[PDB]
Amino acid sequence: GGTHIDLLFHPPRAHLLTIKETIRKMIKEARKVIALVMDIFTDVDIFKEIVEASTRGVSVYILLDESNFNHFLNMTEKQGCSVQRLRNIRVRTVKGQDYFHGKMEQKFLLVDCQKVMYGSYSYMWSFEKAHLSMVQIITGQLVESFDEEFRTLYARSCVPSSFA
C-alpha cells in the first residue's frame, strides 16, 4: 500500500486533459464525499459541477481562505445559487495570524478519500487563461495525510460571518 503521483500542467504538457477538465472530471465521478480546500473560488464552471455533485447526494465540504471568501460569495450570488439553501454543501472559512491579514495558503481537492489534486491551481478564470501552474494527482497512502490535514483545517475554521 504505497503512493502514486502524476503531474499535470497548465498549459498542458503530455497529458490529454487540462487541469480544469481534470477537476471537473474528478467532481463528476465523486460518489460520496468532496473535501475542498481553496484560497479563492470564483470559477463558475467548477462551482456548477460541485452543485451538481451535491444534488446527486454527494456530501461536499469546502474550506475557504477567510480574506477572499467575499469573492466566492459574490460568485454564488451571481449564479443565483446560495450555498446556505443547498443541503449537501457546507462551507467554513480559515484564516492565519493577523499583523495585515494572515491567510490560509493551502489548496487541494480530496474526493472519496481516494484521490487528491494538490498544487498551485486556484479555482479562478485567471488559472485557465493567464497563469502557469502545476498539480499532482495523488492516490494511495498519502491521501490519508490529506484527509488528516483537511480535518485539522476544519477544526480551526469558523462559520462565515455572512451565514445566519
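For every residue, the number given is its place in the sequence shown, counted from 1. The term rigid core refers to the most C-alpha atoms you can superpose between the two forms while keeping them within 1.5 Å.
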Between 90 to 98 and 72 to 80, where do the CA atoms move more in 8 other deposited structures of this protein, taking the root mean square over the structures and residues after a core fit? 90 to 98
Any chance you could tell me whether 101 to 109 or 50 to 58 drifts more in 8 other deposited structures of this protein, judged by RMS CA distance from this form after superposing on the core? 101 to 109
Which class describes the count of deposited residues lacking coordinates between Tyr99 and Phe100: none, 1 to 3, 4 to 9, or 10 or more? 4 to 9
50 to 58 versus 124 to 132 - which carries the larger mean C-alpha B factor in the record: 50 to 58
Per the PDB record, is the mean Cα temperature factor higher over 82 to 90 or over 68 to 76? 82 to 90
According to the deposited entry, which of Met117, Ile40, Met104, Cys113 has the largest Cα B-factor? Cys113
Of the three thirds of the chain ranked by Cα temperature factor, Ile27 occupies the middle
Cα B factor band for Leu8 (lowest, middle or highest third within the chain): lowest
Would you please rank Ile137 by its C-alpha temperature factor against the other modelled residues of its chain and give the third it falls in: lowest, middle or highest? lowest
Could you place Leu109 in the lowest, middle or highest third of its chain by Cα temperature factor, using the values in the record? lowest
Would you check the entry's CA temperature factor for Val33 and let me know if it's in the chain's lowest, middle or highest third? highest
